[PDB]
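Undergrad: part one of the complex, untouched from its place in the assembly:
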Amino acid sequence: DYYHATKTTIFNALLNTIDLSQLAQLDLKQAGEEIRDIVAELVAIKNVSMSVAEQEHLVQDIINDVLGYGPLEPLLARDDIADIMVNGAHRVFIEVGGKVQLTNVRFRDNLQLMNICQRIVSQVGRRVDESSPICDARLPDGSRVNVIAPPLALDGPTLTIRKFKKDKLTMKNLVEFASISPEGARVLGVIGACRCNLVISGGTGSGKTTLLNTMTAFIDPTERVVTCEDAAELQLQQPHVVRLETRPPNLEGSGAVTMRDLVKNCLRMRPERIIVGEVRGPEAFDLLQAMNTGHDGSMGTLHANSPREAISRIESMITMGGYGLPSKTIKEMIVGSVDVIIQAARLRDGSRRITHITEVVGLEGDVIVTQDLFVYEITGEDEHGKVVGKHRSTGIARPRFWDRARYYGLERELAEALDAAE
């Protein structure tokens, strides 16, 4: 009560005293010090009786409101709070330990919330308002931010901050979730590290993108990666990642930038690895060429249930490309370009597994030949219906990519991992 009234009076006095532009001229620390001095002077003038703790709290709150993110700052500073979700000025939720909880934190009004959202997004040069109500951003520290303006959000501006939790998308999660056995995990690490061209095929709900992030986690830091996605969800930890996002056509059907355009441009940016979020149309062709003409180590997810169907769908995509390529030419391209196909699927019980790790070996007999390094053998189901299976290595001790592993010095690791698969 008294603290709130004192804060309101001090804020009014400071606003009447210092303009927003003048404070913006000063840096975060210089502006903060100047605001602290002005607030002390205003408190002395108003003869407000406040203790050291109360005075410090009021000064910090005034500084945060005038400069910074206001009532959000205490939440952001906390480490336990993984995600913050503000639905209008009068409600805030925090995700602690995987559970969402309501918090007493409340903004002054929707106007202050909009100002704070605009500052947060502008921290990376983006702006959100009625003209562009939807804004999405990734702050340099890894926090994702999503903001919806009042014209779309009926109850007020909506803000969603998801801080960078690091453990979610590493091989440990897959190994402990029985998605891939530890030997399979080591084989995948070798495949990713040795710049093997990959095509992650997966069925509906098979978590293809999660597997793609986990695989790209192996990329060497120095490699200049370029990611094309319809909607940015990959979170490469590397220092030299370029992120691109397609653009759908406007309501007039113009101004579009399809994934094919992004891949063709990627060819002209000197990338050492092209990652395609999801191949759906002609872009496959371009992507495949990117694999063939250097850039070895690219990747791309695809919608298919088995590796053979994945190859067939790649052929159909390239054919959709419109070029008069004979089927034999397309098969030769695929055989020469793609090196490993990872088939991940969602089984009956809803669990996710890496059903196959297979290698495109050649074009014997005008039909592409694939040898499976790892397969998932379904033995049975638990008493409660849960499916039961195990990862078996086919025993191919010399995968066609063995030469790359030897070149990169990972041949010993590959042999050790694939030998003890059992």
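TA: The structure has been received and is ready for your questions. Residues are numbered from 1 along each chain as shown, chains lettered A, B, ... in the order given.

Undergrad: looking at it, residue A:197 is touching residue A:341, isn't it?
TA: No. Between residue A:197 and residue A:341 there is no contact, the gap being 9.8 Å when judged by CB atoms under 8 Å. Heads up, the C-betas are built off the backbone N, CA and C, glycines and all.

Undergrad: tally of neighbours for residue A:53?
TA: Counted with other CB atoms under 10 Å, the neighbours of residue A:53 add up to 8.

Undergrad: Give the buried residues for the helix or strand hosting it.
TA: For residue A:53, the enclosing helix or strand under DSSP states H and E is helix A:52-66. Residues of helix A:52-66 classed as buried under the neighbour-count rule (16 or more other CB atoms under 10 Å) are A:55, A:58-66.

Undergrad: Just name whatever secondary elements that helix is in contact with.
TA: In terms of contacts (3 or more CB pairs under 8 Å, 6 or more residues apart in numbering; DSSP states H and E), helix A:52-66 is packed against helix A:2-17, helix A:28-46.

Undergrad: After that helix, which helix or strand is next?
TA: Past helix A:52-66, further along toward the C-terminus, the next helix or strand under DSSP H and E is helix A:73-77.

Undergrad: Give the partner strands of the helix or strand that comes right after that next one in its sheet and their orientations.
TA: Helices and strands here follow DSSP H and E; after helix A:73-77, the next one along the chain is strand A:83-87. According to DSSP bridges, the neighbouring strands of strand A:83-87, each with its direction, are strand A:92-96 (antiparallel), strand A:158-162 (antiparallel).

Undergrad: Looking at those strands, which one is packed in the most?
TA: strand A:158-162 (a mean of 20; mean count of other CB atoms under 10 Å).

Undergrad: let's bring in chain B now:
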Amino acid sequence: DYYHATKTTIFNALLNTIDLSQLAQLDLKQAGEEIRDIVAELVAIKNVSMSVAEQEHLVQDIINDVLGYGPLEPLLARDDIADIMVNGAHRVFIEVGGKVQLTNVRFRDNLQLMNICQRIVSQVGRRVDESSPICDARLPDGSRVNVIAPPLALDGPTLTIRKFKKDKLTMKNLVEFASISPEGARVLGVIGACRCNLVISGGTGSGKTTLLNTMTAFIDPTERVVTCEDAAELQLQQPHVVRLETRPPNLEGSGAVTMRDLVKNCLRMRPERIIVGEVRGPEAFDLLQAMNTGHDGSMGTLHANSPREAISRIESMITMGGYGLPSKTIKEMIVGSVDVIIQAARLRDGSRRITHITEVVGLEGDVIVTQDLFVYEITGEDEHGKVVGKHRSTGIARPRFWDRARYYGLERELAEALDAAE
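TA: Just below you will find chain B, in place on the chains above:
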């Protein structure tokens, strides 16, 4: 710290002192002199305690930021920097000695970087912005530039400067680098000498232009060769070469002289070989007419990955040229005009070699039938990661262009080359 703060203060004072538009209206010399004078006056007023060298550096930086290319200027001035990549306002990498290194150079912000990129791409009459987020160009100094706008490049505008390198070869160089077997070299010499219509297709990084330059050494010196280019990259050593260069449209959208107009004029320049630096527009149609109306021996570089893909690309180009030509008519024209397609591509290991030497032998029904003379067969990889392969002749003894060889007496050499690599 002190230097950065002084530079920021000087920039703010200069911005508040002179309008950007007025300086832009000023000429290079006048603008530079005014900027230097204003910077010196501001430094004197603010009493910046720095050496004369420090003042000169500050003035140069202010001039570059106001009208130059910002922090890229020291990078561009350098020589060891093979190329520069900007992944955003706060990420700049340079390829020094073939190694990518993160430079301690940062732009003021994303807006400044976007303005710098817009200036650079406007230097050759092109605009990059939300409406045209992707812009690839070639600067006068020979360097290639690629720019992606924020709407696609999520992390901010992305820039890529790849500086020019000579990279010119002679057929002996290609033979010694195994780019083409000696029999292939003889066959290519025969094809070039006998004024056989050529289309040197190749993928990105294949150096197709270098291959075209190498091919234009078997031309009879007497033949009047007219080379139409976009940046003057060909260095023909023949004595009667007329070098033409297209003029990109000015920022106002006028004064454009497209390659199509250059070729159409060349039709009336009495040439014997219309050489096109790169076919990427409707000009192909006209070029084909030149190929099929007495200017035998015309060559044209094209961007395609396989001879069939090159043919399809040419057909699509002619169709997009805006004419009412039925697809069957365009295919018939292509079959009649073109006589040899040389496919130069970069292999996965980064090396570049000639893959196909294919004649457009005829048209059946709707599909164009073509026969390969020389084909590159790959045989895996070696210990050092280099691709292992060899060229083999298809065994044809009477190639379609045989008559042309008979014209110049090159029948014997053609037969010997086709026999020695059976």
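
Undergrad: now with chain B: the neighbour count of residue A:53?
TA: For residue A:53, the number of neighbouring residues by other CB atoms under 10 Å in any protein chain shown comes to 8.

Undergrad: just to revisit the earlier point, can you tell me what sits against the helix holding residue A:53?
TA: The set of residues that contact helix A:52-66 without belonging to it, under CB atoms under 8 Å, 6 or more residues apart in numbering or on different chains, is A:3, A:6-7, A:10-11, A:14-15, A:23, A:32, A:35-36, A:39-40, A:43, A:50, A:70-71, A:73, A:108, A:112.

Undergrad: mind redoing it with 10 Å?
TA: For helix A:52-66, the external contacting residues (CB atoms under 10 Å, 6 or more residues apart in numbering or on different chains) are A:2-4, A:6-7, A:10-11, A:13-15, A:18, A:20, A:23, A:28, A:31-36, A:38-40, A:42-43, A:48-51, A:68, A:70-74, A:107-108, A:112, A:115-116.

Undergrad: Buried only: go through the residues you listed for me.
TA: Buried members of these, counted by 16 or more other CB atoms under 10 Å in any protein chain shown: A:6-7, A:10-11, A:13-14, A:18, A:23, A:31-32, A:35, A:38-39, A:42-43, A:48, A:50, A:68, A:70-73, A:107-108, A:115-116.

Undergrad: nearest residue to residue A:373 other than its sequence neighbours?
TA: In space, residue A:373 comes closest to residue A:357 once its chain neighbours are excluded; the distance is 4.9 Å by CB to CB, 6 or more residues apart in numbering or on different chains.

Undergrad: Next, that neighbour: secondary structure please.
TA: Using DSSP: H, G, I helix; E, B strand; the rest coil, the structure places residue A:357 in strand.

Undergrad: pretty sure it contacts residue A:375?
TA: Yes. Taking CB atoms under 10 Å as the definition, residue A:357 is a contact partner of residue A:375 at 8.0 Å.
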